[PDB]
Every structure is written in structure tokens, then in C-alpha cells.
Amino acid sequence: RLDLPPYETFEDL
Amino acid sequence: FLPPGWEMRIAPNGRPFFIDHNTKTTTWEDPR
Numbered sequence: 945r946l947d948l949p950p951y952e953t954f955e956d957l
Numbered sequence: 498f499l500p501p502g503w504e505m506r507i508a509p510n511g512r513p514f515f516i517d518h519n520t521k522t523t524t525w526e527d528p529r
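Taken in order, these protein sequences are the chains called A and Y. Throughout the first sequence, residue numbering follows full-length UniProt numbering, covering 945 to 957 in sequence. Throughout the second sequence, residue numbering follows full-length UniProt numbering, covering 498 to 529 in sequence.
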């Protein structure tokens, strides 16, 4: 299974 | 075309993911 990184917020929409 | 809150973004390792901004969850596969 492809490694899932804990959600970090990138530029908001 | 792309649902509100859904974003197609890539990680610097070359991995693309859909981030849903309302639930703020990382989704790898297309929910359709």
C-alpha cells in the first residue's frame, strides 16, 4: 500500500 | 468539474492525491 502521510494543509482553496 | 473542496495535488515524491478540504482528508483513489 502506498504510504499515506498525515494530512498537512497545503495552500488553501 | 472538480467537486468543491476536492483538490488534485502532488507530493514532491511524485505521488498525486485528492484532498477533500471540507472533511480535510487525504484520498488516494478516485471516489467517482
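C-beta atoms are modelled at their ideal positions from N, C-alpha and C, and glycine is treated no differently.
When the alpha-carbon of A/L948 is set against those of Y/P513, Y/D527, Y/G502 and Y/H518, the nearest one is in Y/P513. As the crow flies, the alpha-carbon of Y/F498 is around 11 Å from that of Y/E504. Counting only the Cα atoms, Y/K521 lies some 11 Å from A/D956. Burial of Y/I516 is indicated by the presence of at least 16 other C-beta atoms within 10 angstroms of its C-beta. Per the coordinates, the alpha-carbon of A/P950 lies some 23 Å from the alpha-carbon of Y/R529.
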